[PDB]
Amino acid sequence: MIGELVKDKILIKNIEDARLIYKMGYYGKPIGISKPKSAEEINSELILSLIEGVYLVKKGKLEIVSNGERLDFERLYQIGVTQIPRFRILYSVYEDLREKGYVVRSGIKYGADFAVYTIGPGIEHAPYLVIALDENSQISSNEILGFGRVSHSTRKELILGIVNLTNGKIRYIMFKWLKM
């Protein structure tokens, strides 16, 4: 498994490698398709985000190169910090959730950071929406109101992933828009 760093994303040019990385656990998105039922229908280069790439590298399931240079975890992580806003808190939740066995996808279509899934041999579940947060970052009422808006929009489960960048621990707090 080898991938090319191109800006803020990682390109998987080999289709076999692509289909394999995707089979592993629904990583990346193929170019031109939105979301493949199976890796079987993937025929275009697999595109991985830095968050996904950095995870896979750390998992030893992927090597990354940037025009000759071989970027390891320390370097890739650092690039994520520079390129991607909120990279630290986003990777912390991505990793933690991924490490716990959930299948983590982008949650932007739903107005959140991630779309977390519980899957297994012949088992698919509804997507939990997670929004990563820096425990200290001050949230406004307008943002908090924006939260409870994305929640009862696709009426799924909205969840805040509060990360401590020091100890790396994570506190998950879910909230619903109530109708007192």
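From 1 onward, residues are counted along the sequence shown.
Do the CA atoms of 56 to 64 or those of 145 to 153 have the higher mean B-factor in the entry? Result of the comparison: 145 to 153.
91 to 99 set against 71 to 79, stretch whose average Cα temperature factor tops the other in the entry: Stretch with the greater average CA B-factor: 71 to 79.
Kindly indicate the residue among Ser38, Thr118, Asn136, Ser49 with the greatest C-alpha B-factor in the PDB record. Largest recorded C-alpha B-factor: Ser38.
Of the choices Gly122, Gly111, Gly28, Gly32, which one's C-alpha carries the largest B-factor in the record? Out of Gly122, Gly111, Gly28, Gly32, the record gives the largest C-alpha B-factor to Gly122.
Would you check the entry's CA temperature factor for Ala18 and let me know if it's in the chain's lowest, middle or highest third? It belongs to the lowest third of the chain when residues are ordered by C-alpha B-factor.
Among all modelled residues of this chain, ranked by Cα B factor, put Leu129 in the bottom, middle or top third, i.e. lowest, middle or highest. For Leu129, the deposited C-alpha B-factor lands in the middle third.
Please rank the C-alpha B-factors of the chain's modelled residues and tell me whether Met24 sits in the lowest, middle or highest third. Top third by C-alpha B-factor.
Based on the entry's values, in what third of the chain does the Cα temperature factor of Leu5 lie: lowest, middle or highest? For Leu5, whose C-alpha B-factor we compare with every modelled residue in the chain, the answer is the lowest third.
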